[PDB]
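> 3D, please:
(one chain, ligands or ions: 2)
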Amino acid sequence: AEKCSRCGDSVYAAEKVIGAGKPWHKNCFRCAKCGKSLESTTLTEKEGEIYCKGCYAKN
Ligand SMILES: [Zn+2]
Ligand SMILES: [Zn+2]
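Numbers count the residues shown, from 1 in each chain. Ligands and ions are numbered 1, 2, ... in the order given. Here you go:
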């Protein structure tokens, strides 16, 4: 397992998915910029790090 940074619990094989590079629950897609927790992989991905599509388009 590898630990989910948003919710604080360890993600085993629950809602475990890779977005950019890091393990994520599909509720817990925490943004590197603004920190808004997002849905599945629908947003913008950078190298091993995620950023919202809306917040990164603004920034
Ligand atoms: Zn989580
Ligand atoms: Zn964001």
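> how long is stretch 21-29 end to end?
12 Å (C-alpha to C-alpha, to the nearest Å).
> what residues does it touch?
Residues outside stretch 21-29 that contact it (C-beta atoms under 8 Å, 6 or more residues apart in numbering): 2-7, 11, 14-19, 30, 37-41, 43, 47-50. In short, each C-beta sits where N, CA and C put it, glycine included.
> Filter the residues you listed down to the buried ones.
When neighbours are counted using 16 or more other C-beta atoms under 10 Å, the contacts of stretch 21-29 contain these buried positions: 4, 6, 11, 19, 30, 38, 43, 50.
> which of the residues you listed sit farthest apart?
11 and 43 (18.4 Å; C-beta to C-beta).
> all strands for the protein, in order.
2-3, 10-11, 17-18, 23-24, 29-30, 37-38, 44-46, 49-51 (DSSP state E).
> Out of the ones you listed, which is closest to ligand 2?
strand 49-51 (5.8 Å; C-beta to the ion).
> Show me what that closest one is packed against.
strand 44-46 (3 or more C-beta pairs under 8 Å, 6 or more residues apart in numbering; DSSP states H and E).
> Which of the residues in the strand it packs on are classified as buried?
residue 44.
> Quick one: residues in contact with it.
So strand 44-46 is contacted by 19, 20, 32, 50, 51, 52, 53, 56, 57 (C-beta under 8 Å, 6+ apart).
> Now for residue 34, how many residues are close by?
13 (other C-beta atoms under 10 Å).
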